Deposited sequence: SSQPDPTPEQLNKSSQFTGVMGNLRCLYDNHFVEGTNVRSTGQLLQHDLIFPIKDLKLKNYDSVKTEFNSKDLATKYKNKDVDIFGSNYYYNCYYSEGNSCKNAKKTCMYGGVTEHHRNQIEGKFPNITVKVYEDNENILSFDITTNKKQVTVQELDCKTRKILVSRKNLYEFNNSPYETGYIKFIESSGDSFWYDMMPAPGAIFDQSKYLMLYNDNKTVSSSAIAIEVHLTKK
């Protein structure tokens, strides 16, 4: 069904993270891997797929490897023409990511793109609202998350180079049925931030209808 909302004791405290928050910020303040109608050119293990997505922008990679939480997901998009959108890392890996794959055919939106509203709450107060878009009928939650966080960094300093103005923060997605789930936007405690480990949250390749999804960002101020 759906995931129970977070308890304050269930959320990571940014104040307890002592590393450089800029390592998390760089995963969302910027450009994301993007591929249109591509086909996998190989794979390493039964849980991933490699796509010939070159970086025309900064020339940081000539291909990308994405990982899924199951062999089924990889088998599924193995020989399909797909679209890719997500946050990549180099740390442990050419550049990798997780999930971010949707079937290209029949998924292209014609005409007006859907307006997905993001309601931002600070200490339970709807303080800001903005819309994001997509060109996909069925879009990965990752693409929506990425686009939302980018705006949150640019407009609300969600992540700063050192730490964050917010103690806790989670992004909640609600589908038409009322079913919801959320992601912790803050890093685990300690001085080290493992990017390859954090982005693993996107490996379920979860997708939703772009015209039937609501987003809520809940933050607590320091």
* For this chain, which runs of the deposited sequence have no C-alpha coordinates, given in order from the N-terminus? -> 94 to 105
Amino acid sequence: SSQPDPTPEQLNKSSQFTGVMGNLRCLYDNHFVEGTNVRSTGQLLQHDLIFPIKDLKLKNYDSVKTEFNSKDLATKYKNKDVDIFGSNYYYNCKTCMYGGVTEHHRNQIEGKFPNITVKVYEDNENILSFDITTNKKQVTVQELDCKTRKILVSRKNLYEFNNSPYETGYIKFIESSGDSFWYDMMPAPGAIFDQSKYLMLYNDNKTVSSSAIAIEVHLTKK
From here on, numbers count along this sequence of modelled residues.
* To do: Report the stretch with the higher mean CA temperature factor, choosing between 144 to 152 and 105 to 113 on the basis of the entry.
  => 105 to 113
* Asked: Mean C-alpha B-factor higher for 63 to 71, or for 159 to 167?
  -> 63 to 71
* Between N79, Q138, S129, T133, which one tops the list for C-alpha B-factor in the PDB entry? -> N79
* To do: Rank-wise, by C-alpha B-factor, drop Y28 into the lowest, middle or highest third of its chain.
  => middle
* **Assigned third (lowest, middle, highest) for the C-alpha B factor of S15** => middle
* Once the chain's modelled residues are ordered by C-alpha B factor and cut into thirds, is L58 in the lowest, middle or highest one? -> highest
* Sort the modelled residues of this chain by their C-alpha B factor and say whether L45 lands in the lowest, middle or highest third. => highest
* Against its chain's modelled residues, does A191's Cα B factor rank lowest, middle or highest third? -> highest
